[PDB]
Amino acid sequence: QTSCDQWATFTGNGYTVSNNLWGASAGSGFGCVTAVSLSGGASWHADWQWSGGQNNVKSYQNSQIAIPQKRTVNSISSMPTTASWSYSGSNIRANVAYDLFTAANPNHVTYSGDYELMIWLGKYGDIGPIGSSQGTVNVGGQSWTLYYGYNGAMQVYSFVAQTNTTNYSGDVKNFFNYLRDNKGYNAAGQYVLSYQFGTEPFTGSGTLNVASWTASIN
């Protein structure tokens, strides 16, 4: 279905599509989400138009998978995912990214945590991730510009693709493994609270079409 309501969600078959316009207050405009199909993955698209709040994210329209029982990062064997998307619009200042929160407390709220892991498959405009660049890193056979910094008490790591990656296939476990082995990330004690994919827009007008998205925890 379709909806532009601030907190609309469409759930089914282990997937949830959310408008999640948490930053609508920061500007003028709208955001709508359309869930086409949630069978064997999520096919959907987000449409929006925003002005004002130059560097304030207006929302994170996204698709995510249900996680019945939280497990530690190290205990998980693989977190495979595939994504086929495209962005159209004008003066697009936004990204396309996976978003995952982890915390030592397995019952932690799922929209935040000790850490936030982002994987930006796309980056439009002069927008910037939380923190500062830590340089280039290789994960899953692809190069990424890694960003790190605090957003309050929470630590945020953002792996930003160096070219828009519209057809992606990877294992999120590779990213956690990188942090565990290079940043002292406590993979043994951190639980994966969420596994999401969507777009954080700032200004402009755009439509993120997600022809296909799959994600799972094994």
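One-based numbering along the sequence shown.
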query: Which of 207 to 215 and 4 to 12 has higher mean CA B factor, as the PDB entry lists it; finding: 4 to 12
query: Segment of higher mean CA temperature factor, 41 to 49 or 180 to 188; finding: 180 to 188
query: Peak C-alpha temperature factor (PDB record), options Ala103, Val137, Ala94, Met118; finding: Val137
query: Highest recorded Cα temperature factor - choice among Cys32, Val160, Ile67, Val57; finding: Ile67
query: B-factor third for the C-alpha atom of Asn62 within its chain; finding: lowest
query: Chain third (lowest, middle, highest) by recorded CA B-factor, residue given as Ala83; finding: middle
query: Third of chain Cα B-factors occupied by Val36; finding: highest
query: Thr165 - Cα temperature factor, lowest/middle/highest third of chain; finding: lowest
query: Chain thirds of CA B-factor: placement of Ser77; finding: highest
